[PDB]
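For reference, data16.cif is printed below; it contains mmCIF, N, CA and C atoms.
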data_final
loop_
_atom_site.label_atom_id
_atom_site.label_comp_id
_atom_site.auth_asym_id
_atom_site.auth_seq_id
_atom_site.Cartn_x
_atom_site.Cartn_y
_atom_site.Cartn_z
N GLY A 1 54.94 168.72 66.37
CA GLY A 1 54.57 167.98 65.18
C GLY A 1 54.92 166.51 65.25
N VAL A 2 53.98 165.66 64.86
CA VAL A 2 54.15 164.21 64.87
C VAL A 2 54.07 163.72 63.44
N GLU A 3 55.16 163.12 62.96
CA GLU A 3 55.28 162.70 61.57
C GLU A 3 55.52 161.20 61.53
N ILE A 4 54.60 160.48 60.89
CA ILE A 4 54.57 159.02 60.96
C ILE A 4 55.30 158.45 59.75
N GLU A 5 56.22 157.52 60.00
CA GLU A 5 56.93 156.81 58.94
C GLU A 5 56.84 155.31 59.25
N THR A 6 55.89 154.64 58.62
CA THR A 6 55.47 153.31 59.05
C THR A 6 56.20 152.22 58.27
N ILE A 7 56.85 151.32 59.01
CA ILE A 7 57.20 150.02 58.45
C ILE A 7 55.93 149.19 58.37
N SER A 8 55.61 148.71 57.16
CA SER A 8 54.28 148.30 56.69
C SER A 8 53.39 147.41 57.57
N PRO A 9 53.82 146.23 58.06
CA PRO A 9 52.84 145.20 58.43
C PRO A 9 52.06 145.52 59.70
N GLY A 10 50.81 145.08 59.72
CA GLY A 10 49.88 145.39 60.79
C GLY A 10 48.46 145.15 60.33
N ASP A 11 47.51 145.98 60.77
CA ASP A 11 46.15 145.86 60.26
C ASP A 11 45.60 147.19 59.76
N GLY A 12 45.99 148.29 60.40
CA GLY A 12 45.55 149.60 59.97
C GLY A 12 44.15 149.99 60.38
N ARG A 13 43.54 149.27 61.33
CA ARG A 13 42.19 149.60 61.75
C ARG A 13 42.02 149.64 63.27
N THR A 14 42.84 148.91 64.01
CA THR A 14 42.67 148.82 65.46
C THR A 14 43.34 150.03 66.09
N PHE A 15 42.58 151.04 66.34
CA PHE A 15 43.20 152.27 66.82
C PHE A 15 43.03 152.42 68.33
N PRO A 16 44.04 152.96 69.01
CA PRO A 16 43.91 153.19 70.45
C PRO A 16 42.94 154.31 70.75
N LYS A 17 42.11 154.10 71.77
CA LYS A 17 41.09 155.08 72.13
C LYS A 17 41.20 155.46 73.60
N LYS A 18 40.22 156.22 74.09
CA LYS A 18 40.26 156.71 75.46
C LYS A 18 39.98 155.58 76.44
N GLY A 19 40.61 155.67 77.61
CA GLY A 19 40.44 154.66 78.63
C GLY A 19 41.08 153.33 78.31
N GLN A 20 42.00 153.29 77.35
CA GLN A 20 42.62 152.06 76.90
C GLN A 20 44.09 152.03 77.31
N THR A 21 44.51 150.91 77.88
CA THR A 21 45.90 150.69 78.24
C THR A 21 46.59 149.94 77.10
N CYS A 22 47.68 150.50 76.61
CA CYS A 22 48.36 149.99 75.42
C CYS A 22 49.81 149.67 75.72
N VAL A 23 50.33 148.67 75.00
CA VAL A 23 51.66 148.11 75.23
C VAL A 23 52.52 148.46 74.02
N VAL A 24 53.67 149.08 74.27
CA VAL A 24 54.51 149.67 73.24
C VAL A 24 55.96 149.23 73.45
N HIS A 25 56.58 148.71 72.38
CA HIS A 25 58.02 148.45 72.35
C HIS A 25 58.72 149.67 71.76
N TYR A 26 58.99 150.65 72.62
CA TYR A 26 59.65 151.86 72.14
C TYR A 26 61.16 151.67 72.13
N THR A 27 61.83 152.59 71.44
CA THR A 27 63.29 152.60 71.38
C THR A 27 63.74 154.04 71.19
N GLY A 28 64.46 154.57 72.18
CA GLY A 28 64.88 155.95 72.13
C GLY A 28 66.17 156.14 71.36
N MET A 29 66.25 157.27 70.66
CA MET A 29 67.43 157.62 69.89
C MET A 29 67.51 159.14 69.76
N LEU A 30 68.71 159.67 69.93
CA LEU A 30 68.97 161.09 69.74
C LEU A 30 69.38 161.36 68.29
N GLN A 31 68.83 162.42 67.71
CA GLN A 31 69.29 162.88 66.41
C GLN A 31 70.74 163.35 66.49
N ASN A 32 71.58 162.79 65.61
CA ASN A 32 73.04 162.95 65.63
C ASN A 32 73.61 162.56 66.99
N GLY A 33 73.03 161.52 67.58
CA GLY A 33 73.38 161.11 68.92
C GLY A 33 73.08 159.65 69.12
N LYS A 34 73.43 159.16 70.30
CA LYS A 34 73.32 157.75 70.62
C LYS A 34 71.97 157.48 71.28
N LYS A 35 71.84 156.29 71.86
CA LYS A 35 70.64 155.92 72.59
C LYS A 35 70.51 156.71 73.88
N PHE A 36 69.28 156.77 74.39
CA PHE A 36 69.05 157.22 75.76
C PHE A 36 68.04 156.37 76.52
N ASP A 37 67.24 155.54 75.85
CA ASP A 37 66.26 154.70 76.52
C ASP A 37 65.90 153.55 75.59
N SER A 38 65.54 152.42 76.18
CA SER A 38 65.18 151.24 75.40
C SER A 38 64.26 150.35 76.20
N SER A 39 63.04 150.14 75.69
CA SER A 39 62.15 149.14 76.26
C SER A 39 62.61 147.73 75.96
N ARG A 40 63.42 147.55 74.92
CA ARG A 40 63.85 146.23 74.50
C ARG A 40 64.85 145.63 75.49
N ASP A 41 65.59 146.48 76.20
CA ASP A 41 66.64 145.98 77.07
C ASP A 41 66.10 145.53 78.41
N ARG A 42 65.14 146.28 78.97
CA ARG A 42 64.58 145.93 80.26
C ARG A 42 63.60 144.77 80.20
N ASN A 43 63.15 144.40 78.99
CA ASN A 43 62.23 143.29 78.73
C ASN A 43 60.90 143.44 79.46
N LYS A 44 60.51 144.68 79.75
CA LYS A 44 59.20 144.98 80.31
C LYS A 44 58.55 146.00 79.40
N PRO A 45 57.59 145.62 78.57
CA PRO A 45 57.21 146.49 77.45
C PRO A 45 56.23 147.61 77.79
N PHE A 46 56.40 148.25 78.95
CA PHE A 46 55.89 149.59 79.27
C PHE A 46 54.38 149.71 79.07
N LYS A 47 53.64 149.02 79.93
CA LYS A 47 52.19 149.14 79.92
C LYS A 47 51.77 150.52 80.40
N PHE A 48 50.97 151.22 79.58
CA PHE A 48 50.53 152.56 79.93
C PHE A 48 49.20 152.83 79.23
N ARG A 49 48.46 153.79 79.76
CA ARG A 49 47.14 154.15 79.25
C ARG A 49 47.21 155.48 78.52
N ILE A 50 46.08 155.87 77.94
CA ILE A 50 45.98 157.06 77.10
C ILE A 50 44.98 158.01 77.72
N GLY A 51 45.37 159.28 77.87
CA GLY A 51 44.47 160.32 78.31
C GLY A 51 44.77 160.93 79.66
N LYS A 52 45.91 160.63 80.26
CA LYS A 52 46.25 161.13 81.58
C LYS A 52 47.48 162.03 81.57
N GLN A 53 48.00 162.36 80.38
CA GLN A 53 49.25 163.12 80.19
C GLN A 53 50.43 162.48 80.92
N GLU A 54 50.47 161.15 80.89
CA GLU A 54 51.57 160.42 81.50
C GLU A 54 52.84 160.56 80.67
N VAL A 55 52.74 160.23 79.39
CA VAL A 55 53.85 160.33 78.45
C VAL A 55 53.95 161.76 77.94
N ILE A 56 55.02 162.05 77.20
CA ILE A 56 55.23 163.35 76.55
C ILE A 56 54.23 163.54 75.41
N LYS A 57 54.17 164.76 74.88
CA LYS A 57 53.09 165.14 73.96
C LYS A 57 53.25 164.49 72.59
N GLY A 58 54.47 164.48 72.05
CA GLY A 58 54.69 163.92 70.73
C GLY A 58 54.52 162.42 70.68
N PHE A 59 54.88 161.73 71.76
CA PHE A 59 54.63 160.30 71.86
C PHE A 59 53.15 160.00 72.08
N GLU A 60 52.40 160.95 72.63
CA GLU A 60 50.98 160.73 72.89
C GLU A 60 50.18 160.74 71.60
N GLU A 61 50.50 161.64 70.68
CA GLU A 61 49.77 161.71 69.42
C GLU A 61 50.19 160.61 68.46
N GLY A 62 51.43 160.12 68.58
CA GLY A 62 51.91 159.10 67.66
C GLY A 62 51.30 157.74 67.90
N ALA A 63 50.87 157.46 69.13
CA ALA A 63 50.27 156.17 69.43
C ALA A 63 48.87 156.06 68.83
N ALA A 64 48.10 157.15 68.87
CA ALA A 64 46.78 157.14 68.26
C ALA A 64 46.84 157.13 66.74
N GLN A 65 47.95 157.57 66.16
CA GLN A 65 48.15 157.53 64.72
C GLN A 65 48.81 156.24 64.26
N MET A 66 48.74 155.18 65.07
CA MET A 66 49.19 153.85 64.69
C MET A 66 48.08 152.85 64.92
N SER A 67 48.32 151.61 64.50
CA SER A 67 47.40 150.51 64.71
C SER A 67 48.18 149.31 65.24
N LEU A 68 47.45 148.21 65.45
CA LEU A 68 48.05 147.01 66.02
C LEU A 68 49.01 146.36 65.04
N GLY A 69 50.20 146.01 65.53
CA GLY A 69 51.21 145.37 64.72
C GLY A 69 52.08 146.30 63.92
N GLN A 70 51.71 147.57 63.79
CA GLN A 70 52.44 148.50 62.96
C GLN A 70 53.77 148.89 63.60
N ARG A 71 54.63 149.50 62.80
CA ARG A 71 55.96 149.92 63.25
C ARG A 71 56.26 151.27 62.61
N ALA A 72 55.97 152.34 63.33
CA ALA A 72 56.15 153.68 62.80
C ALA A 72 57.53 154.22 63.18
N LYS A 73 57.73 155.51 62.94
CA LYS A 73 58.99 156.18 63.27
C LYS A 73 58.66 157.61 63.67
N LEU A 74 58.74 157.89 64.97
CA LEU A 74 58.35 159.19 65.49
C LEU A 74 59.49 160.19 65.43
N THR A 75 59.12 161.46 65.25
CA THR A 75 60.07 162.56 65.20
C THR A 75 59.45 163.70 66.00
N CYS A 76 59.92 163.88 67.23
CA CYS A 76 59.34 164.86 68.14
C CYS A 76 60.11 166.17 68.07
N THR A 77 59.37 167.27 68.04
CA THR A 77 59.94 168.60 68.09
C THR A 77 60.45 168.87 69.51
N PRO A 78 61.30 169.90 69.69
CA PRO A 78 61.72 170.24 71.06
C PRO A 78 60.60 170.70 71.97
N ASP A 79 59.68 171.53 71.46
CA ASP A 79 58.70 172.19 72.31
C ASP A 79 57.62 171.25 72.86
N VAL A 80 57.53 170.01 72.38
CA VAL A 80 56.49 169.12 72.87
C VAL A 80 56.93 168.28 74.06
N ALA A 81 58.24 168.03 74.22
CA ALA A 81 58.69 167.20 75.33
C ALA A 81 59.62 167.92 76.29
N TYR A 82 60.78 168.41 75.84
CA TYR A 82 61.79 168.88 76.78
C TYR A 82 62.57 170.10 76.30
N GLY A 83 62.18 170.74 75.19
CA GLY A 83 63.09 171.65 74.50
C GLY A 83 63.44 172.90 75.28
N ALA A 84 62.46 173.48 75.96
CA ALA A 84 62.77 174.59 76.85
C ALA A 84 63.42 174.11 78.13
N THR A 85 63.05 172.92 78.60
CA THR A 85 63.48 172.45 79.91
C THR A 85 64.75 171.60 79.83
N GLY A 86 64.69 170.49 79.10
CA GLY A 86 65.78 169.54 79.11
C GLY A 86 65.63 168.57 80.26
N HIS A 87 65.61 167.27 79.97
CA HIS A 87 65.50 166.29 81.03
C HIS A 87 66.84 166.18 81.75
N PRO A 88 66.87 166.31 83.09
CA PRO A 88 68.13 166.63 83.79
C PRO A 88 69.21 165.57 83.70
N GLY A 89 70.29 165.91 83.00
CA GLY A 89 71.41 165.01 82.80
C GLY A 89 71.25 164.02 81.67
N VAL A 90 70.03 163.79 81.18
CA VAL A 90 69.76 162.77 80.19
C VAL A 90 69.47 163.37 78.82
N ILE A 91 68.71 164.46 78.78
CA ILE A 91 68.36 165.13 77.54
C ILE A 91 68.67 166.62 77.69
N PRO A 92 69.48 167.20 76.82
CA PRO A 92 69.76 168.64 76.91
C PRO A 92 68.55 169.44 76.46
N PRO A 93 68.45 170.70 76.86
CA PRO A 93 67.39 171.56 76.32
C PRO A 93 67.57 171.80 74.83
N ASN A 94 66.43 172.02 74.16
CA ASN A 94 66.32 172.19 72.71
C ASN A 94 66.89 170.97 71.98
N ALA A 95 66.25 169.83 72.19
CA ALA A 95 66.68 168.57 71.60
C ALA A 95 65.55 167.98 70.77
N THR A 96 65.94 167.29 69.69
CA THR A 96 65.00 166.67 68.77
C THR A 96 65.04 165.17 68.97
N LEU A 97 63.86 164.55 69.05
CA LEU A 97 63.71 163.19 69.54
C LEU A 97 63.30 162.26 68.41
N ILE A 98 63.91 161.08 68.39
CA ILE A 98 63.65 160.05 67.39
C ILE A 98 63.21 158.79 68.11
N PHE A 99 62.18 158.13 67.60
CA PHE A 99 61.67 156.92 68.24
C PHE A 99 61.30 155.87 67.21
N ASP A 100 61.65 154.62 67.50
CA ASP A 100 61.11 153.46 66.81
C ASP A 100 60.05 152.84 67.72
N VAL A 101 58.82 152.78 67.23
CA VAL A 101 57.66 152.42 68.05
C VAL A 101 56.90 151.31 67.35
N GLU A 102 56.71 150.20 68.05
CA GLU A 102 55.80 149.14 67.63
C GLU A 102 54.61 149.11 68.59
N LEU A 103 53.42 148.91 68.05
CA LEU A 103 52.20 148.84 68.84
C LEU A 103 51.70 147.40 68.85
N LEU A 104 51.96 146.70 69.95
CA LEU A 104 51.43 145.35 70.19
C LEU A 104 50.68 145.41 71.51
N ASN A 105 49.42 145.83 71.45
CA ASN A 105 48.71 146.26 72.64
C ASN A 105 47.52 145.35 72.94
N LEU A 106 46.83 145.69 74.03
CA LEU A 106 45.53 145.13 74.35
C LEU A 106 44.56 146.27 74.62
N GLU A 107 43.36 145.94 75.10
CA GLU A 107 42.24 146.86 75.32
C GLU A 107 41.90 147.69 74.08
#
Conversion result in structure tokens:
Amino acid sequence: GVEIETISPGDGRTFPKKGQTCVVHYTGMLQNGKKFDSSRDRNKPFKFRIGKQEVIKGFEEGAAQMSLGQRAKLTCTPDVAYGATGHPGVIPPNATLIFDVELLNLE
């Protein structure tokens, strides 16, 4: 399940589509936990495309449910990214994921 909680400003019409490479300032956070990843720290805002199953499932649906300039708040279930598996040493199995996502993209 992907549940959108948008900090207001943006346009609300420029939606990401197929074959489009989009630029995202993500910020990882564990529920009742600390950080685990940050695009803000590496200063390389993670250019990636849509439709190749590159990213996890909950982050994939949340990008299409945003527009340019918007700032949503993603809440990923365990079963869409790592809940049965657990990312080794970084994310335990059966974990709930929190993200602050801004969409400042091209294409």
task: Considering only N, CA and C atoms, state which residue in the set A:74, A:104, A:64, A:97 is at the smallest distance from residue 29 in chain A.
output: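 Under the stated criterion, the closest residue is A:97.
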Legend entry - Neighbour list for residue 8 in chain A as a PyMOL selection string, cut-off 8 Å, all atoms listed in the file, skip fewer than 4 positions in-chain: chain A and resi 12+69-72
Near-residue 80 in chain A list (6 Å; all atoms listed in the file; drop same-chain fewer than 4 positions) as a PyMOL selection string: chain A and resi 56-58
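Straight-line separation from atom N of residue 105 in chain A to atom N of residue 14 in chain A: 10.4 Å.
Comparing A:55, A:63, A:95, A:101 by their smallest distance to residue 26 in chain A, the closest is A:101 (using all atoms listed in the file).
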Neighbouring residues of residue 47 in chain A were defined as those with any atom within 7 Å, considering only C-alpha atoms; residues of the same chain fewer than 3 positions away were excluded. Please report them as a list in words.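 Counting only C-alpha atoms, the residues come to residues 21, 22 and 23 of chain A.
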At the level of N, CA, C and O atoms, write range 49-72 of chain A to a file as a PDB file, in the first residue's frame, please.
ATOM      1  N   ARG A  49      14.901   5.856 -13.972  1.00  0.00           N
ATOM      2  CA  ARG A  49      13.770   5.789 -14.885  1.00  0.00           C
ATOM      3  C   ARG A  49      12.653   4.951 -14.274  1.00  0.00           C
ATOM      4  O   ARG A  49      12.795   4.364 -13.199  1.00  0.00           O
ATOM      5  N   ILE A  50      11.533   4.890 -14.988  1.00  0.00           N
ATOM      6  CA  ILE A  50      10.322   4.230 -14.517  1.00  0.00           C
ATOM      7  C   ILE A  50       9.976   3.108 -15.483  1.00  0.00           C
ATOM      8  O   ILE A  50       9.933   3.323 -16.700  1.00  0.00           O
ATOM      9  N   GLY A  51       9.728   1.918 -14.943  1.00  0.00           N
ATOM     10  CA  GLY A  51       9.241   0.800 -15.723  1.00  0.00           C
ATOM     11  C   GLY A  51      10.187  -0.372 -15.866  1.00  0.00           C
ATOM     12  O   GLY A  51       9.903  -1.275 -16.660  1.00  0.00           O
ATOM     13  N   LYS A  52      11.294  -0.395 -15.128  1.00  0.00           N
ATOM     14  CA  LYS A  52      12.277  -1.464 -15.247  1.00  0.00           C
ATOM     15  C   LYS A  52      12.431  -2.265 -13.962  1.00  0.00           C
ATOM     16  O   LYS A  52      13.328  -3.115 -13.889  1.00  0.00           O
ATOM     17  N   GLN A  53      11.574  -2.013 -12.962  1.00  0.00           N
ATOM     18  CA  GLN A  53      11.641  -2.613 -11.620  1.00  0.00           C
ATOM     19  C   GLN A  53      13.006  -2.398 -10.969  1.00  0.00           C
ATOM     20  O   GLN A  53      13.550  -3.277 -10.298  1.00  0.00           O
ATOM     21  N   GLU A  54      13.562  -1.207 -11.178  1.00  0.00           N
ATOM     22  CA  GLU A  54      14.840  -0.861 -10.571  1.00  0.00           C
ATOM     23  C   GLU A  54      14.675  -0.612  -9.079  1.00  0.00           C
ATOM     24  O   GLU A  54      15.362  -1.222  -8.253  1.00  0.00           O
ATOM     25  N   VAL A  55      13.757   0.279  -8.722  1.00  0.00           N
ATOM     26  CA  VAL A  55      13.451   0.610  -7.337  1.00  0.00           C
ATOM     27  C   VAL A  55      12.485  -0.419  -6.767  1.00  0.00           C
ATOM     28  O   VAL A  55      11.973  -1.280  -7.491  1.00  0.00           O
ATOM     29  N   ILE A  56      12.244  -0.345  -5.458  1.00  0.00           N
ATOM     30  CA  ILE A  56      11.271  -1.190  -4.773  1.00  0.00           C
ATOM     31  C   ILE A  56       9.851  -0.817  -5.183  1.00  0.00           C
ATOM     32  O   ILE A  56       9.625   0.219  -5.820  1.00  0.00           O
ATOM     33  N   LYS A  57       8.885  -1.656  -4.797  1.00  0.00           N
ATOM     34  CA  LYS A  57       7.528  -1.548  -5.328  1.00  0.00           C
ATOM     35  C   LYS A  57       6.787  -0.338  -4.773  1.00  0.00           C
ATOM     36  O   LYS A  57       6.102   0.368  -5.522  1.00  0.00           O
ATOM     37  N   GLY A  58       6.892  -0.097  -3.463  1.00  0.00           N
ATOM     38  CA  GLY A  58       6.172   1.012  -2.861  1.00  0.00           C
ATOM     39  C   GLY A  58       6.697   2.366  -3.290  1.00  0.00           C
ATOM     40  O   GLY A  58       5.927   3.321  -3.425  1.00  0.00           O
ATOM     41  N   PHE A  59       8.004   2.466  -3.523  1.00  0.00           N
ATOM     42  CA  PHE A  59       8.576   3.690  -4.062  1.00  0.00           C
ATOM     43  C   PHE A  59       8.231   3.873  -5.532  1.00  0.00           C
ATOM     44  O   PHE A  59       8.212   5.009  -6.019  1.00  0.00           O
ATOM     45  N   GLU A  60       7.941   2.781  -6.240  1.00  0.00           N
ATOM     46  CA  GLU A  60       7.620   2.873  -7.659  1.00  0.00           C
ATOM     47  C   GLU A  60       6.240   3.483  -7.875  1.00  0.00           C
ATOM     48  O   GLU A  60       6.053   4.303  -8.781  1.00  0.00           O
ATOM     49  N   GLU A  61       5.264   3.102  -7.050  1.00  0.00           N
ATOM     50  CA  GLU A  61       3.919   3.641  -7.198  1.00  0.00           C
ATOM     51  C   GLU A  61       3.807   5.056  -6.653  1.00  0.00           C
ATOM     52  O   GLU A  61       2.953   5.824  -7.110  1.00  0.00           O
ATOM     53  N   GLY A  62       4.649   5.416  -5.684  1.00  0.00           N
ATOM     54  CA  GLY A  62       4.561   6.737  -5.090  1.00  0.00           C
ATOM     55  C   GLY A  62       5.058   7.841  -5.999  1.00  0.00           C
ATOM     56  O   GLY A  62       4.621   8.990  -5.876  1.00  0.00           O
ATOM     57  N   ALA A  63       5.968   7.516  -6.918  1.00  0.00           N
ATOM     58  CA  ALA A  63       6.489   8.529  -7.830  1.00  0.00           C
ATOM     59  C   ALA A  63       5.448   8.923  -8.871  1.00  0.00           C
ATOM     60  O   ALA A  63       5.332  10.103  -9.223  1.00  0.00           O
ATOM     61  N   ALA A  64       4.678   7.952  -9.365  1.00  0.00           N
ATOM     62  CA  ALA A  64       3.623   8.254 -10.323  1.00  0.00           C
ATOM     63  C   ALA A  64       2.448   8.970  -9.675  1.00  0.00           C
ATOM     64  O   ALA A  64       1.688   9.647 -10.375  1.00  0.00           O
ATOM     65  N   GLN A  65       2.288   8.843  -8.359  1.00  0.00           N
ATOM     66  CA  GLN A  65       1.251   9.545  -7.620  1.00  0.00           C
ATOM     67  C   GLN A  65       1.720  10.894  -7.095  1.00  0.00           C
ATOM     68  O   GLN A  65       1.129  11.421  -6.146  1.00  0.00           O
ATOM     69  N   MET A  66       2.772  11.457  -7.684  1.00  0.00           N
ATOM     70  CA  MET A  66       3.231  12.802  -7.384  1.00  0.00           C
ATOM     71  C   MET A  66       3.354  13.593  -8.675  1.00  0.00           C
ATOM     72  O   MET A  66       3.202  13.060  -9.777  1.00  0.00           O
ATOM     73  N   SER A  67       3.653  14.879  -8.526  1.00  0.00           N
ATOM     74  CA  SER A  67       3.882  15.766  -9.652  1.00  0.00           C
ATOM     75  C   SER A  67       5.146  16.577  -9.394  1.00  0.00           C
ATOM     76  O   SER A  67       5.819  16.408  -8.374  1.00  0.00           O
ATOM     77  N   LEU A  68       5.464  17.459 -10.340  1.00  0.00           N
ATOM     78  CA  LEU A  68       6.681  18.258 -10.263  1.00  0.00           C
ATOM     79  C   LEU A  68       6.597  19.276  -9.134  1.00  0.00           C
ATOM     80  O   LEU A  68       5.592  19.979  -8.986  1.00  0.00           O
ATOM     81  N   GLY A  69       7.657  19.344  -8.329  1.00  0.00           N
ATOM     82  CA  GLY A  69       7.727  20.275  -7.227  1.00  0.00           C
ATOM     83  C   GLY A  69       7.078  19.809  -5.945  1.00  0.00           C
ATOM     84  O   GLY A  69       7.327  20.414  -4.895  1.00  0.00           O
ATOM     85  N   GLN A  70       6.274  18.750  -5.988  1.00  0.00           N
ATOM     86  CA  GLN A  70       5.539  18.302  -4.818  1.00  0.00           C
ATOM     87  C   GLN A  70       6.472  17.644  -3.806  1.00  0.00           C
ATOM     88  O   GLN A  70       7.621  17.301  -4.097  1.00  0.00           O
ATOM     89  N   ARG A  71       5.951  17.463  -2.596  1.00  0.00           N
ATOM     90  CA  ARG A  71       6.716  16.871  -1.502  1.00  0.00           C
ATOM     91  C   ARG A  71       5.770  15.971  -0.714  1.00  0.00           C
ATOM     92  O   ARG A  71       5.056  16.438   0.176  1.00  0.00           O
ATOM     93  N   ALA A  72       5.762  14.688  -1.049  1.00  0.00           N
ATOM     94  CA  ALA A  72       4.850  13.746  -0.423  1.00  0.00           C
ATOM     95  C   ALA A  72       5.521  13.076   0.773  1.00  0.00           C
ATOM     96  O   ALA A  72       6.598  13.477   1.223  1.00  0.00           O
TER      97      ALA A  72
END
